[PDB]
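Form deposited in one PDB entry, single chain, as structure tokens, below.
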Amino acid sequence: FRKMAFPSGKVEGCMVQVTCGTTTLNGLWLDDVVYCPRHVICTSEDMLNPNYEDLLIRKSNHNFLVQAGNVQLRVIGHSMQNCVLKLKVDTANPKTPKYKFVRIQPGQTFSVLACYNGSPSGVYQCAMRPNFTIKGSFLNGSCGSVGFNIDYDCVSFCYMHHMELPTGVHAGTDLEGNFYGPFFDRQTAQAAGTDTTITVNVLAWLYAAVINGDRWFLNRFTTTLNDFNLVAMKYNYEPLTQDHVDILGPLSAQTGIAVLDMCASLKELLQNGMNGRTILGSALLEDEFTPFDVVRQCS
């Protein structure tokens, strides 16, 4: 049972290189618009406290070099929507898929197509942390890489990568340019909140374990949501809601283990540890699989 990403083909045909002066990063080319982080227009003397409106005034269309594979797209307009730059180009991307722009919820997962110089390099599955960071694998110049989900034939873009925090986690925006979390595209001290564990996701992964025959942690007990949440909050776990219980229903039905029964199992795992046993080959509780992810991978 593995971290599984969505096939990336629909996204690969949209990645382009965007250069502004000495700075190169990635852009997303949909119809006749290229989306990319606005901090591409920054210089090192601007990065500490940029005035992006003023910086964008100083730019002309010819200060933006956009390359698709190895064809130069002509920028014919440029504008700023919150923290994303929109570069209007004179050609529509013929490989534009059907798409929507979505803002996701903490705890939800998505696939990341990690790119450098406009070229895809890898694909992996990510979760949006409760504190709106992502624990990504991104090097310098990965800015403009996007996170996405696929539903039927439609790509739902939910994340554009912007920056690393000095703690090594990553921050970015939705495709309308609004940051996830309290972060800003400037080189200043920025703390993420305390990170917590996504309780509903750990429960889904214990169900995945049961589905795959790892059952040693099941116990006879049950619990109430209220008494579970009282314990969970001592171990830095997000509260479990009735909506979360309803969301776990399919996994409960497939295994015949009630949600509050699995909650009792998670409660004793927290209070006792694993005693050197593993679950699904891990010695830690995994929280980056949603209930949907588990159902898809096990159905």
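Residue numbers here begin at 1 and follow the sequence given.
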Item to check | Greater mean Cα temperature factor according to the PDB record, 70 to 78 or 101 to 109 | outcome: 70 to 78
Checklist outcome for this item: Once average C-alpha B-factors are taken from the entry for 276 to 284 and 8 to 16, the winner is 276 to 284
Item to check | Peak C-alpha temperature factor (PDB record), options 230, 40, 266, 248 | outcome: 230
Checklist entry - Which one of 125, 145, 224, 117 shows the biggest C-alpha B-factor in the PDB entry? => result 224
Checklist entry - So where's residue 152 on the chain's Cα temperature factor ranking, which third? => result highest
Checklist outcome for this item: residue 24: CA temperature factor from the record, placed by chain third, in the middle
Item to check | For residue 34, the third of its chain into which the C-alpha B factor falls | outcome: lowest
Checklist outcome for this item: Here the Cα B-factor of residue 173, set against its chain, lands in the third termed lowest
Item to check | Relative C-alpha B-factor of residue 91, binned into the chain's lowest, middle or highest third | outcome: highest
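Below, we turn to the form deposited in another entry, even though it does not appear here.
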Item to check | Same-part call for residue 50 and residue 174, two rigid parts between this form and the one not shown | outcome: yes
